[PDB]
Structure formats: structure tokens, C-alpha cells
Amino acid sequence: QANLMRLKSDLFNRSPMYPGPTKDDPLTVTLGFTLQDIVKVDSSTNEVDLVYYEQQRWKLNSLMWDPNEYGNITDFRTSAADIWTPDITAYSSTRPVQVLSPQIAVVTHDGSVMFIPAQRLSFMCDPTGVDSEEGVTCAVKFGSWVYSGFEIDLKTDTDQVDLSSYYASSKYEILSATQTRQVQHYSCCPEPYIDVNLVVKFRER
Amino acid sequence: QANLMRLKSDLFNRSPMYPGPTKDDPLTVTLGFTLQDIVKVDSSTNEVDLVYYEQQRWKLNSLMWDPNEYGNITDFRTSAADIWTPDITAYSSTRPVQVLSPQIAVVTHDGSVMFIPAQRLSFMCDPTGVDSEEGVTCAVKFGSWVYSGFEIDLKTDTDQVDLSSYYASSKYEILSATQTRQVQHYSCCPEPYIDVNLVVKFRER
Amino acid sequence: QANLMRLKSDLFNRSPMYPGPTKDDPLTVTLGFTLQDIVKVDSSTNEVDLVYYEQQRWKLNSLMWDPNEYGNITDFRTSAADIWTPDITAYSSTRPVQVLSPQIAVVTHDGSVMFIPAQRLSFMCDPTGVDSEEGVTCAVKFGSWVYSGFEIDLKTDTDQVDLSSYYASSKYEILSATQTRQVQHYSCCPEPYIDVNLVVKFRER
Amino acid sequence: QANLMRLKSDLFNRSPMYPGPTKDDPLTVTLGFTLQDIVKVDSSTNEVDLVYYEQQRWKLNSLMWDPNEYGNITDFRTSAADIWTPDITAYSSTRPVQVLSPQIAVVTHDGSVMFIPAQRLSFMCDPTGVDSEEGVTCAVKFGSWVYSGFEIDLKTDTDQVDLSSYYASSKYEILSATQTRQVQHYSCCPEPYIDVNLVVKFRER
Amino acid sequence: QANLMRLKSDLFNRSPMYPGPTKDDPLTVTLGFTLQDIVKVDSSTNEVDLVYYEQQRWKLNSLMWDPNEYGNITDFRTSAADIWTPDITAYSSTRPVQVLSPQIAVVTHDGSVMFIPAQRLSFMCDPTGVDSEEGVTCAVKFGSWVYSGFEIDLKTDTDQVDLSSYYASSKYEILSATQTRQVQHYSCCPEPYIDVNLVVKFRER
Amino acid sequence: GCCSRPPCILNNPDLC
Amino acid sequence: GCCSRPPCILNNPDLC
Amino acid sequence: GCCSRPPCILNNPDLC
Amino acid sequence: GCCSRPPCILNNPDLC
Amino acid sequence: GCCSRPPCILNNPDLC
């Protein structure tokens, strides 16, 4: 439409692309997971696959506008390729992550960007104990590939992994599923480091 | 082709890209399937693979023209990447969907776009009972990835999955194949949500 | 080549992209297969893979030129990506084709184009009885994806697939391999539809 | 760092690219192989996989220069996409070749090019005789995909495949691995056809 | 943002790409591995897969700036696609190496560039003995695909593979993992050659 | 029938 | 539920 | 044979 | 530890 | 040796 087509144009084709966070201007990023299923286990290789949705939230001053100057538009969706996006990455993966959906975000007049692609991840996990009462735990830290806590502030809004889409006929049952954020201070180093630790305790149904 | 090239030149190359639908300017997208075969059933992982043609239809003012100004040309074929196409996707895929054909659309002088590519889709399904005489039911729902019922109005013309092309020597027998639209009203949320639920009930032939 | 680079430049930097055929200006296309091997037979999924060379030819007046205006250059090779090519695909595949060769066409001065990529196709077929003396018959149809017989006239030169290059020590023996053109006239419709039906009967050697 | 940039600038941004050989300006291309290992032998599908270095050499003039006018630089390294490269293909592969290394070439002031990318190939071969004392013999022909012997004279420095880096704990022992240039003169046609036939006799250790 | 947007503006758009190192302007490259796990061991094909972080360092004059003229910025992170990067690669890989993460570098005011992507590597290794108590030793040489010792000086800060991040519950225990540099001086050739030899000795726990 | 081949359903959308 | 579908999660981040 | 190699089939389409 | 995580390795190249 | 490493191979085609 008229104004949206104008809005997007002013936000994207006018200014240079956000160059990323810095210690003088730390960016807060909120992360959460919606676990759909544990689609694979492999005891011959100690590999585990998940299928879940991954949301990430951040706010950028450069993506701000006056709605009144743009036909009262409060927000819009756009290709995630049109914006800057974080490097929140799994740290102990065994394969290249697969995207199971489009990558489209939502920018809000105040600057909020939200983004939730579907993913399949293969990570390191010895699953011996899966076929049993007590089950087995699998942990996989998530954090930024290259920013310390001084530049990107990784936060979760709840320590609890969303299991409301966890498959009814999945071969496994979630004994527990947490997304706890830890902030590490290393005696070696002045800057802090943040990871969000995905811990999933589960067994064969 | 001088007439045709000039037309395409005027539509695509001269007017900003359709920025997608809004609450202010909604869009009806019609979706339907043609199931060819159920190609993989995996009891150990719980995934099913289907090959089918996926049909998508919508109309845009941005894409209408007067045949008289373009030598009576009423409709043309151009590749889907030349146009805006919706984000209708399977909310439960376990692998990136695989395109099995060229993606080319037919644009009409009235703004009607149609697009029917073939696809291999792996999704979540517990197939216990496929050997049985009663079969097994697998379900996957399709919907916009980023749009609500207020921006994308998703429908079907028939609740029947078209089985006129089903592979005659399939290892499987289709007991029923439906593509039913569902409108969701959540207690939490003002805006409605629409999925087109693809349900196939089948057994070994 | 000062001439070839100049002829090639007058053909791809000046002329706008060919928009494909229209019912006013239809196109004749010549499909022909050279079967190298039946590289996979899968009874559990009901899939079969083939490696073959696929020829396609056709003629565009827009690729016409006077050799006398370009050093008497009669023809030349160019990447298939430099030109329009038909959308002749299998209607029955089960995975994306895999291209096993450079895709390079020979363009002639009379606007003639030929093109022969090597390919791995996975299409639908129940291979039951392949281990008997009678063997089994698989079949797959090829045709334009979005074009009818009014826009694309799809032909062959012979109803016999070339088997002179069939791997001498294949696991399978070809009892017959034909590529037959077919014209379908529908009650529903005035435009005819045309396809080439690749039919292959074989058994274990 | 400067002066190599001017050279590469004067070579790749000045003129259009070499349109490839013609019968009037033919090109000798020199092919060699460094067999590293036989990494896959499949009896049930009749596929064998090789890993090796593939050396390609040739000379254009469009790539000539005077070291003086350039500072005595006599050659340089550059990405293979910066330059034209022959279409020398395995004629009987079952899969797309996998580039296992950077594709970077060396261009010498006199017009000389060559580059040696690592490849993993799957081609057609019945391996029965391998678990034996005599061994088994595979063959795959390499040649240009579109160019006859009149446009590309395909040579090899030696009929002997380089085996000095053959995996020492390889599972197979090579009895012979050769690469012979073979010129065809079919009675139908005046133009000769050239191919290099990699043949490999081997057996389990 | 503002100062960083001009910095990258000038550092990248300002002038041309770095043509790579030479005999006159040699470049030193430091290499290091942080081994996370041994992922697959295939004794039927003699191939082992590893997942590790690959630390790479180098410094370019072309990348120097005054923190003064750019608002006191001493370092920045950016997509490694924005800069020249060395061609260090495994000499005996069997499959296209897989990148399991973002690829983003830190560029510092002195010209120092650093870059640590995560990787999956499959290389040739006869694993015979892994089950024993002595275990088994596999090795893989990493070196520049095209630059001799006169152009790239491949180094290690240590000989020892960082194992502080190796997976606690992996099937295998590293009896030892070393990344040891080697300068080779051949009898034929005055230019030297350098490789880092990643050597790992292991066994089923 | 018509609803079995891809180009016949481009041309005949709603009556398939 | 709302939180079981992508478009609803985009519209109700905290409300999930 | 000629019809067993890509560049020959390409130069001799009708004769194959 | 610091050497177990990618961004810390970047900020402490020699310090690992 | 030299002929078992790509960059040497590249400098010494003939002498390989």
C-alpha cells in the first residue's frame, strides 16, 4: 500500500544497516523455545535432534517511526533479510541447523523486532538411559557467537521451555524442559559471558 | 512478446513490490492439495513423507491491467520469484520442504495469481497401525507464518483432498483425505487464527 | 572471438529477456532420453532412480542472426543460464532432480537451440516382480509444467529410448524402453495437453 | 599490496570474458589426477566413489601481460570464478561431484592457468571381483561436455595416475590406475572426439 | 552506530579488495583447534568425522585505522564475507566440510583479524583398533591450498589441541590430540611448504 | 483427468 | 492454543 | 559410440 | 570455562 | 612429498 510502501522505503533505503551492538550501546535480546518434538536419538553416535520454534526479541532506535507520519501504521512484517538479526547460536551442534519455515520478522513503531523461525537441531548427547524410568538429560547451551555480556544481554522471559505443541504422539515424554540463563564471570577476564542453557530431561513413552 | 515484455516491464520493473497484506487491507488466499503418494512411513522416528501438488490463489490490484493497452493479453506466466507469494507453511514439518518442480505462476489481467508446485514434505506422525485394517490417521496443519486471520484469510474450495492423481500402485490405501479450514478464537487474544488442517487416514494396501 | 563476444553481446545485453511462448506464438520442443542406468530400486518406499541424458531442442526467431554480420559464425555454445529454456519436467518425481553435468546449450544462427544435461531422477514406481523373468514396468510422464499444447507442442523423433549407452554391467536388464508422445483432449477443455510418457520394463539380470 | 590490484583490475573489469574455444581458436587443456582413496564401494547399487585431486591446465592470451608494466609480478593466485574454466566432465557419474576444496587458480603472465581442486565422485561400476585376488576394474571417461576435439584438444602429461599420496591404510590395494587419452573418429562424422579414460583395477586388502 | 557506520563505510567501500599475500608482502596466519567431539567412525569406509572450533588469525595493513578519527573505536565484529580470509584447508577431507555456525570476524585498529567458526570434518582414517586399549591414531594435514611458505606463514600458538570443551559423555577418550606445525624443504624446490598436522589418538571409553 | 496434470489445473483452477 | 502457532506467538510475545 | 557422448550427440542431433 | 565458549575465545585469543 | 600437497603441486606442475 501507499504509506507502508513508503515507510519500509524510508527505514531501509535511507539509513545504513544497523552495524551491530557495542559495549557503549549494549543490545538486549530475549530468547525462548517452543519444543515440538525430539525427532531423533542415536546411541551409536551420541547425537540428538529437536524440532522447535525459536523466538528472539530486540529493540532498535533506527527502526522507529512516527505512525502519524505513515497513515497510522503501528507495525509491519518484513523479510528477516531486510533487518539486522542476532547471532544467538547453539554451541555444541553436530550439523548445520535447518530452517523449517520462512524467516519473516515484525517491526513495531517503537523499534521492537520479533522473529520466530522453525528449526531442526542436531546436538551432542549421550542418550544412554532413554529407555528407562529415570530417563536421560541432554543439555545444549545457546549464546551469541561473538558478543560478550557487555554488547548483547541474553535474556529469557521464563526458565520454562514451552511444551504446548509438544507432539501428543511423540515417542518420548518430557520429564522436564528448561531454558535457564546463566551469566559467567571468569577470573581470566573483565567482560561477562551469557548463555541460555537448554536442558531437556526425557524418556521413551 | 513485444506486447508481453512491455506489460511485465510496466508491472514488475515500475511499481514498488507489494508489501504484503495488512489489517487495513486483508487478503484471501485459497489453498488445496492433490496427493500423489505417501512415500515414507518411519515407525522409529515418527515421520511421514508425502508428495503432492500444492495450489495457491490470490488477487492483487497491484497486478491488474487493461488488455486493450497490451494487445489483448489477458493472462501471463512468469516465475513465482517475480511476484509476492504468501507465507503459507506446514506448522509441523520436521525437514525443509522440498520443491519437486519449477515454481511458475499465472497472473491474470484482473490481479489473480495461481501457482501449483509439487512438494515433498516430512512431518510429525506416529504411524502405529498402518498395517491394521482400520489404518492410521496423520494430521498436519497449514497457515500463514506471520499473518493473523485479520490480514490473511485462508480458505479451501473443497474439504476434499484431490485423489484423482494418487499413485495406483501405492503401498498405501487412502481411507480419507481432507483439507478443512478452521478458525481459532483464543481467550487471550482478540484476533482470530486460521489453519487449513490436512488429514489423511490410510493403511497398507 | 572479438566477433563471438560481440555476437554473444548483441544477443544478451540488447534484446530483453524472452518472455516464453504464448498461444499466438507457440513453441515446438523435442524431448529425447539416453538411459545410462537404473541406479536404484526401492521396494519399501516404492521409489526408482534413473541416470540419463535429457535432450531438449527448440527454436527462437529472437536468437536469429546473420553469420555474415559476425565473421560467418554459424553457431556457438553458451551457458544455459544466458537463455530461456523450456519447463519440461517429470510429473511424477519424488525428490528434486539432480543435475550431473554442466548445463551448456548450442545456439545456431537460425535461432536453433539444443541442450543435453545429465540427470538423476527419483520417481514413483512399485518394482514388484522385478526379480522374476517377466520383470516389472515403471512409467513417468514429462511435459511443460504451466504450458498447454496451445503454447508448447512437445515432440520426440522416435518412440524408442536410446540404450546404446546403457551401462554394460547394470544390475538390471532392459526388456523395453520407450518414450511416447501423447495428446489428451478433455471434455472440460478446448486446449489440448501433451506429454511424453517414458515407459521402462526391466528385471534383475 | 598495490600493483597486483591494478593488474587484476585491468584483467577482470576491463574486458568481457573469453567466450570459450572455437574451431578457429582451439584450446589444449591438460588433465591429470591424484587418486587419494576409494572411499565407497556399493555392490547393491553398483556405485563406486573416488576421492582425488584433479589438475586442469590451459592458456588464453586474454590473460597475458608484461611483468614490467606491472612491477615484475609474474603470476598470481585468484578465485576460479574470476576466470573461464573448461567443461571437462565425468561422462558416467551417478551423483553431482563434490568440491572438497577451495577453487583457486594460478595465472601466469604468458596466459597459463591451472588449478587443482579436490573432488569426491560417485560413478557407475559393478564391484564384484573386489573381494577376490584378481580384483575388479572400473572405468569412467572424462571429456568436455559440449566441445569436440576440434575445439578442445584434451591431453594428459602421463598415462599414469599419480598414486604417491594414495591413503596408506586405504581398504583397497590398487593394481593399476591409469588415465589414457583416446581420440574417436566415428565414420558418421568428420570431427574427432577426445576423452581421457580413468580406469582403476583394485581389490580388498 | 554513527562512527561504526562510517568506519565500515570507509574500510570496505573506500577502496579495492586485498589481492591475497605474495612473496613481497607475506602474511602470517595462526591456526588453532578446540575439539568438541569425535562424531562418527566408519570402519567399512575408513572415515572419521570431527566437530571442532577452528580459530584463525592474521593481520592486514589494509585494515588499519585511527580510533581517534572514528570516535575511539578500537575493534568491530563483522560477517567474514566482508573481508579476505585465508584458504587453509584439510588436505585429506572426504566430504565438503560443514560449517555449524555464524562466520563473523573481529577486526582491530592495528589490522588484526580473528575468526572462529565451528566445523564438521570427515577425513580419511582407518579406525581399526578404536575398540582396543591402545586405541587408534588418525591424522589430517591443514595448510594453504595455494600459498607456499613464502606467502603464508602458517603457525600455532601451541602444539596441544584445546580439549577443555571436549564432550564429557562422548563414546571416545582422547589419549592425545596435537596440532603440530611442520616446515617442509624439498630437494627440488627453494620455496618451503607448511602444514599443521592435526593428530588425534583415541578409543571407545 | 485434467486435475491430474499441472498445466491443466493452472488453466482450470476452480473447476478441479 | 495461541502459543502453539507462529502467527499468534508473534502477536502475543509476553502474553504467551 | 557417438550417441554415448554429450558433445557428439550435440553436434549430430538428427543423425543420432 | 572461557575457552569452551566462542565469543570468549575471540576476546582472549592468546589468553586461551 | 611435494606432489601430495596442492600448493606445491601448483608451483611445480612439470617437476611432479
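Residues numbered from 1 in each chain as written, not as in the entry; some residues may be left out. Chains lettered and ligands numbered in written order. Heavy atoms only, no water.

For this deposition, the record names X-ray crystallography as the technique by which the model was determined and cites 2.40 Å as its resolution.

In this section: the overall build of chain A. Across its full length, chain A holds one helix and 12 strands. The helix and strand sequence of chain A, counted from the amino end, reads α-β-β-β-β-β-β-β-β-β-β-β-β. Each principal axis of the C-alpha atoms in chain A carries an extent, and together these give about 60 × 45 × 25 Å. Considering only contacts in chain A between residues 6 or more positions apart, those separated by 24 or more positions represent 73%. Summing over all exposed atoms, chain A offers an accessible surface of approximately 8400 Å²; the carbon and sulfur share of this is 44%. Looking at charge distribution, chain A has the averaged site of its 17 positive side-chain charges lying 2 Å from that of its 27 negative ones. (Helix = DSSP H or I, 4+ residues; strand = E, 2+ residues; numbered from the N terminus. Contact = heavy atoms within 4.5 Å. Areas by Shrake-Rupley, 256 points an atom, 1.4 Å probe, with all protein chains shown as cover. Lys, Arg positive; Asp, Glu negative; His and termini not counted. Charge placed at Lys NZ, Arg CZ, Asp CG, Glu CD.)

Here we come to the interface of chain E and chain D. The interface is formed by 29 residues belonging to chain E together with 24 residues belonging to chain D. Across the interface of chain E and chain D, roughly 2200 Å² is buried in total on both sides, 58% from carbon and sulfur atoms. On the chain E side of the contact with chain D, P19, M124 and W145 of chain E bury the most area, a combined 29% of that side's loss. Taken together, chain E and chain D are joined by one salt bridge. (Buried area = accessible area lost by both parts, 1.4 Å probe. Salt bridge = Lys/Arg side-chain N within 4 Å of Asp/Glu carboxyl O.)

Right, let's get into the relation of the copies chain E and chain D. Applying a rotation about an axis and a shift along it to one chain copy brings it onto the other copy. Laying chain E over chain D is done by rotating through 72 degrees and shifting 0.0 Å along the axis; what remains is an RMSD of 0.3 Å. Viewed as a symmetry operation, the transformation between the two copies matches a five-fold axis. For chain E, the smallest separation between a C-alpha atom and the rotation axis is recorded for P96 of chain E, amounting to 10 Å. (Least-squares fit on C-alpha atoms.)

Once that is clear, we can look at the arrangement of the chains. Regarding chain E and chain G, the two do not touch, and the least distance separating their C-alpha atoms is 24 Å. With respect to C-alpha atoms, chain B approaches chain I no nearer than 28 Å, and the pair has no contact.

With that settled, consider the sheet that holds strand 4 (residues 88–90) of chain A. Residue and element names in this part refer to chain A. Here four strands make up an open sheet; going across it, the order is 4-9-12-11 and the pairing antiparallel. Single-partner strands in this sheet number two, and they are strand 4 and strand 11 (172–184). Strand-to-strand, the axes of this sheet are offset by a mean angle of 20 degrees, without reference to chain direction. (Pairing = 2+ DSSP bridges. Axes fitted to C-alpha atoms, helices over the stretch in contact; angles between N-to-C directions.)

Looking at the element boundaries, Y91 of chain D is found in the loop between strand 4 (88–90) and strand 5 (98–99). Residue class for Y91 of chain D comes out buried when judged on its relative accessible area of 5%. Other than its neighbours up to four places away in sequence, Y91 of chain D contacts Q36 and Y53 of chain C, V140, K141, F142, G143, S144, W145 and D195 of chain D together with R5, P6 and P7 of chain H. (Buried < 20%, exposed > 50% of the residue type's maximum accessible area, 1.4 Å probe, protein only.)

With that out of the way, let us pick up the side chain of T94 of chain E. In this structure, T94 of chain E sits in the loop between strand 4 (88–90) and strand 5 (98–99). Overall, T94 of chain E belongs to the buried group, its relative accessible area being 1%. Engagement of the side chain of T94 of chain E in a polar contact is seen with the side chain of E47 of chain E, the distance being 3.3 Å. Every residue in contact with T94 of chain E, bar those within four places of it in the chain, is listed here: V39, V51, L100 and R120 of chain D together with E47, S122, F123 and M124 of chain E. (Polar contact = N/O pair within 3.5 Å; in protein donor to acceptor, adjacent residues only side chain to side chain.)

Counted by the stated rule, this structure contains 51 aromatic pairs over all chains. On the numbers, 5.4 Å between centres and 50 degrees between planes, the contact of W65 of chain A with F76 of chain A is tilted. A residue pair is termed long-range when its members are at least 10 positions apart, and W65 of chain A in the loop between strand 2 (47–59) and strand 3 (75–79) and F76 of chain A in strand 3 qualify at 11 residues. Take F76 of chain A: its relative accessible area is 2%, and that puts it in the buried class. Taken together, a centroid distance of 5.6 Å and an interplanar angle of 85 degrees make the contact between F33 of chain C and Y52 of chain C edge-to-face. Taken together, the residues span a long stretch of sequence, with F33 of chain C in strand 2 (residues 32–42) and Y52 of chain C in strand 3 (residues 47–64) at a distance of 19 residues. Pair check on accessibility: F33 of chain C and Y52 of chain C agree, each one buried. Through a chain of ring-to-ring contacts, the aromatic side chains of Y18, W58, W84 and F115 of chain D assemble into a single cluster. Its guanidinium or amino end placed over the ring of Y172 of chain B, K171 of chain B lies 5.1 Å from that ring's centre, counting from NZ or CZ. Taking the ring centre of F150 of chain C as reference, the NZ or CZ of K23 of chain C above it sits at 3.7 Å. (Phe/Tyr/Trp six-rings, centres within 6.5 Å; stacked < 30°, edge-to-face > 60°. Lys NZ or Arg CZ within 6 Å of the ring centre and 35° of its normal.)

Now for the environment of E134 of chain D. All names here are of chain D. Mapping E134 onto the fold places it in the loop between strand 8 (118–124) and strand 9 (136–144). Spatially, the C-alpha atom of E134 lies 19 Å from that of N46, the residues being 88 residues apart in sequence. With sequence-adjacent residues up to four places away left out, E134 is seen in contact with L175 and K201.

All right, on to the interface of chain C and chain H then. Residue-level contacts link 12 residues of chain C with seven residues of chain H. Around 810 Å² of area is buried between chain C and chain H when both sides are counted, 62% of it from carbon and sulfur atoms. Across the contact surface, chain C and chain H share zero salt bridges. Remark: the boundary between chain C and chain H carries two residue pairs in polar contact. Split into classes, the residues belonging to the side of chain C that touches chain H amount to five nonpolar, four polar and three charged. (Nonpolar A, V, L, I, M, F, W, Y, C, P; charged D, E, K, R; others polar.)

A few words now on the sheet that holds strand 4 of chain D. Residue and element names in this part refer to chain D. Taken together, the four strands give an open sheet; going across it, the order is 4-9-12-11, and neighbouring strands pair in antiparallel fashion. The sheet is open, and its two borders are formed by strand 4 and strand 11 (172–184), each paired with just one other strand. Taken pair by pair, the neighbouring strands of this sheet meet at an average axis angle of 20 degrees, ignoring direction. Across seven bridges, strand 9 lies against strand 12 (residues 193–204) in antiparallel orientation. Paired with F142 across the bridge in strand 12 is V196.

Per the stated rule, a full pass over the model turns up 63 salt bridges over all chains. A salt bridge links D195 of chain D to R5 of chain H; its shortest N-O distance comes to 2.9 Å. Here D195 of chain D, found in strand 12, pairs with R5 of chain H, found in the segment before helix 1 (6–11), and the two come from separate chains. Judged by relative accessible area, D195 of chain D falls into the buried class, the value being 0%. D153 of chain E is the salt-bridge partner of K155 of chain E, the closest N and O atoms lying 4.0 Å from each other.

The next thing to look at is the pairing of strand 6 (residues 104–108) of chain A. Every regular strand shows the same layout, with side chains that alternate between the two sheet faces. Residue and element names in this part refer to chain A. The buried fraction of strand 6 amounts to four of the five residues, a majority that puts the element mostly inside the structure. Pairing of strand 3 with strand 6, which is carried by five bridges, proceeds in the antiparallel orientation. Within strand 6, the residue paired with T78 across the bridge is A105. Of the strand pairs in this sheet, strand 6 and strand 7 (residues 112–115) are connected by three bridges, and their pairing is antiparallel. Its bridge partner lying in strand 7, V106 is registered against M114.

Before going further, it helps to spend a moment on helix 1 (residues 2–13) of chain E. All names here are of chain E. For helix 1, spanning 12 residues, the distance from its first C-alpha to its last is 16 Å, which sits close to the expected 16 Å at 1.5 Å a residue. Those residues of helix 1 not exposed but buried are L4, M5, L7, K8, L11 and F12. Buried residues of helix 1 fall within an arc of 160 degrees about the axis and therefore sit on the same side. Among the exposed residues of helix 1, those pointing more than 90 degrees away from its buried face are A2 and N13. (Expected span 1.5 Å × (residues − 1). Arc of directions from axis to C-beta.)

What follows covers the state of the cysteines. All names here are of chain B. Evaluation of the coordinates by the stated rule reveals 20 disulfides over all chains. A sulfur-sulfur separation of 2.1 Å characterises the disulfide bridge that pairs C188 with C189. Torsion about the S-S bond of the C188 and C189 cystine: about -105 degrees, corresponding to left-handed handedness. You can call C188 partly exposed: its relative accessible area is 40%. Residue class for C189 comes out buried when judged on its relative accessible area of 4%. For chain A, the bonded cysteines connect in the pattern 1-2, 3-4 when numbered consecutively along the sequence. (Disulfide = S-S within 2.5 Å.)

For the rest of this paragraph, the subject is unusual backbone geometry. All names here are of chain E. Of note in the backbone geometry, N46 takes a positive phi value of approximately 60 degrees without being a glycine. Residue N46 is classed as buried on the basis of its relative accessible area, which comes to 3%. Within the chain, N72 stands out as a residue other than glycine whose phi angle is a positive 65 degrees. Along the chain, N72 turns up in the loop between strand 2 (47–59) and strand 3 (75–79).

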